Every structure is written in C-alpha cells, then in structure tokens.
Amino acid sequence: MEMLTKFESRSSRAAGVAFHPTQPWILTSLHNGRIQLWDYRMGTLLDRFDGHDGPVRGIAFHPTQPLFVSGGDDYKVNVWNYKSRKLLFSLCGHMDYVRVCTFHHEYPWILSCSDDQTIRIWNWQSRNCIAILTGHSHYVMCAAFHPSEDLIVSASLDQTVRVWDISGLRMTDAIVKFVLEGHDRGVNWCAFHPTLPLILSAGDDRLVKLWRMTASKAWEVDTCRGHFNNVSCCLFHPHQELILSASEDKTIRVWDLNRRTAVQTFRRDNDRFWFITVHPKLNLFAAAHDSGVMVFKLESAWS
C-alpha cells in the first residue's frame, strides 16, 4: 500500500488527534498543553485552545453537538464549545493523568480513564460523575464505548483488557463482564470495530491482539506480530478488511484482518508514533508522532 499525505503539521510532540465528523477539521492535543484546530483541506490553523498545564492526551469531538472534550496530565477533563470558543467547565475527580476521553454517541455521557486506575463516566448535561469503574490494578491507558451496545472496553498496564456491562447505568450500574487475559505486558490501547463484533488491543509486549465477542463469551482470534517496540495505538479500518497499528518503533503497520499477516509498513526516520485515528466515513487517517501530525489516505500500491 501507499500513503497519500493530505496534510502535515510540524510541532512539538503530539499525543492525540480527533476528526470532526462533518467539517474538514482535526483537533490535535500536544505535549506542551495546547490544543490546535486545523482545516486539513486548506492547511489553515483555525483556532488554539489553552486550558491545561502539561501534556494533553485525551481529545474528542461530540458527534453532533458543538462540543469537544480534552483530558490532561493535570488530571482535568475539560468541556469546550468550539462555536462560542469557550471552556464551558472542568470535570474534576481524577487523581492522576487522564489518558483518554470520549463522548457517547447517544447518551449525554463522557468517558475518561486515568493512571489513577479508574474509568469515570460523566453526564455533561448535569456535570456530575455518574459512575466510577474500579477493578484495574495499574494505569488505565485507554477506554472506549461500544458503538451499538451498552459496553465499554478498557486497557491497563495491569496486563488486562476489561469489557464492562453498563446496561444498568443506561437504565450494579457498571459490572465487569470479561477480564481478557492474553497480553504478558502492559496494554496501551483498545478499540471496537464499528460494525463487527471484534476488539483490538495492543501494548508493551509489541503485540496487536484480535478478539471476537458474543453476548455470552469472547475469545482471542489471533495476534499481529512484528512491531519491535511498544505499540501505542491500534484501530480497525471501518470499510476494508484491514487493521492498523502505530508504534514507538517509528512505524505504522497495516495488517490483513482475516489472516493477520503484514500488508504494508510505513516508517519515519526520527519520529515515534503515539496515536492513530480514522475518520468514521471517509478513507482518511491521522497520526500523531514526535514532530507533529499527519493526515493521509491509504491506497493500493501502484494505483
């Protein structure tokens, strides 16, 4: 495969990127505490947002409201209105670095996870913490809402991936369903497929693991092997039978979803990769690395 780069930002180390679902925008969150809003079709900086001290690793748009959420090493979860360009309020409660924060697609909820070993669920209408998900025994490096079921997946340096049943909160509010064992070092990332009943996880063992789930059980399908340093992030291609991963070995790797064999490696000479994301609808990807952010399309070689 070939990478067709659409946009690049040069900066100090970036930690998170988020695609706007309908505008040609990305948010980027940086190790210097600042958040950038970029139009990647024109190459223009639209705005800058300063509400944190220290790295900002969590960043996400709400799918339909004019809001975004950020999460920092200062322990804050900040909720912003990008149309009025205001910091609306801070959700306080985490006791160590915030690693990931996202919005739910239907309920008025924000998810955040932290080095304090908890996942918190917040109601952004009431501004209250509505649930604290405890049970991990080391940093919680990632968490995600399922796109169509009342489930969360989380990844921890305790070497587990947990799937949590949150149907009680929708209506005990949160109960652990699966404690997925398989990684033999800390887990840095976890992801759901948007339409198939699959989960990806990756971490310090250099492995990307693929899991399948039903309502009643889960199992490990296979492993993508090859990265030669910590894997920072992994995701499913929403529309092609492909897995993507990004690593401190300075590569983005593409793998076959059905055989887990390597398809293509993309390398940077001097930059570790920290995060990758995919647009929900478009064949558009973004990656955060030591020297900034890139937005790219993926095409078949010699197309």
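Residues numbered from 1 in each chain as written, not as in the entry; some residues may be left out. Heavy atoms only, no water.

Per the deposited record, determination of this structure is attributed to X-ray crystallography, with the resolution reported as 1.65 Å.

Asker: Break down the packing of aromatic side chains for me, with residues and values.
Answerer: Evaluated as defined, the whole model comprises twelve aromatic pairs. Here the aromatic rings of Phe 61 and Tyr 82 are separated by 5.6 Å at their centres, their planes lie at 85 degrees, and the arrangement is edge-to-face. With a gap of 21 residues between them, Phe 61 in strand 6 (residues 56–61) and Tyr 82 in the loop between strand 8 (77–81) and strand 9 (86–91) connect regions that are remote in the sequence. You'll find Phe 61 and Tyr 82 in the same group, each marked buried. Taken together, a centroid distance of 5.5 Å and an interplanar angle of 10 degrees make the contact between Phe 68 and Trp 80 stacked. Pair noted here: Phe 68 is in strand 7 (residues 67–72) and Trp 80 is in strand 8, with a separation of twelve residues, a long-range link. (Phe/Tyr/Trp six-rings, centres within 6.5 Å; stacked < 30°, edge-to-face > 60°. Helix = DSSP H or I, 4+ residues; strand = E, 2+ residues; numbered from the N terminus. Buried < 20%, exposed > 50% of the residue type's maximum accessible area, 1.4 Å probe, protein only.)

Asker: Can you break down the sheet that holds strand 19 (residues 198–203) residue by residue, with the values?
Answerer: The pairing of strands in a sheet comes from backbone hydrogen bonds and takes either a parallel or an antiparallel form. Reading across the sheet, the four strands line up as 18-19-20-21 and stay open at both edges, with antiparallel pairing between neighbours. Both outer strands of the open sheet, strand 18 (187–192) and strand 21 (218–224), are each paired with one neighbouring strand and no more. Between one strand axis and the next, the sheet turns by 25 degrees as a mean value, whatever way the strands run. Alignment of strand 20 (residues 208–213) against strand 21, held across six bridges, turns out to be antiparallel. (Pairing = 2+ DSSP bridges. Axes fitted to C-alpha atoms, helices over the stretch in contact; angles between N-to-C directions.)

Asker: Which residues make up the pattern of salt bridges, and what are the values?
Answerer: Counted under the stated rule, the structure contains twelve salt bridges. Here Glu 8 and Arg 268 are joined by a salt bridge, their closest N and O atoms 3.5 Å apart. Across the salt bridge formed by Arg 260 and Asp 222, the nearest N and O atoms sit 2.9 Å from each other. On the criterion of sequence distance, the pair formed by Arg 260 in the loop between strand 24 (251–256) and strand 25 (262–267) and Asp 222 in strand 21 is long-range, its members being 38 residues apart. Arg 260 sits in the buried class, given a relative accessible area of 16%. Residue class for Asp 222 comes out partly exposed when judged on its relative accessible area of 27%. Here the salt bridges share partners, and the residues they tie into one network are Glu 8, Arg 268 and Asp 271. (Salt bridge = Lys/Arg side-chain N within 4 Å of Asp/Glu carboxyl O.)

Asker: I'd love a proper account of the side chain of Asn 123, names of residues and values included.
Answerer: Note on placement: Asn 123 falls in strand 12 (residues 119–123). Since its relative accessible area comes to 14%, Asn 123 is described here as buried. Here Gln 125 takes part through its backbone nitrogen, which lies 2.7 Å from a polar atom of the side chain of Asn 123. The contacts of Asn 123, once residues within four sequence positions are left out, are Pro 108, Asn 128 and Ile 130. (Polar contact = N/O pair within 3.5 Å; in protein donor to acceptor, adjacent residues only side chain to side chain. Contact = heavy atoms within 4.5 Å.)

Asker: Residue-level account of the nonpolar core, with values.
Answerer: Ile 26, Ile 121, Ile 152 and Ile 252 are the most contacted members of the largest nonpolar core, which has 76 residues in total. When neighbours within four sequence positions are excluded, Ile 152 is seen to be in contact with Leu 111, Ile 121, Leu 133, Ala 143, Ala 144, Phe 145, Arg 162, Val 163, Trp 164, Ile 166 and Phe 192. Counting 13 residues, the second largest nonpolar core, distinct from the first, contains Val 77, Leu 91, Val 98 and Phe 103. (Core = buried A, V, L, I, M, F, W, Y, C linked by side-chain atoms within 4.5 Å.)

Asker: Go over the environment of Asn 78, please, and point to the residues and values.
Answerer: Position of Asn 78 relative to the elements: it lies in strand 8. According to the relative accessible area criterion, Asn 78 is buried, its value standing at 0%. In contact with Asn 78, not counting residues within four places along its chain, are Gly 51, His 52, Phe 68, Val 69, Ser 70, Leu 87, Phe 89 and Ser 90. Of the polar contacts made by the side chain of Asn 78, one reaches the backbone oxygen of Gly 51; its length is 3.0 Å. Polar contacts involving the side chain of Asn 78 include one to the side chain of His 52, which spans 3.1 Å.

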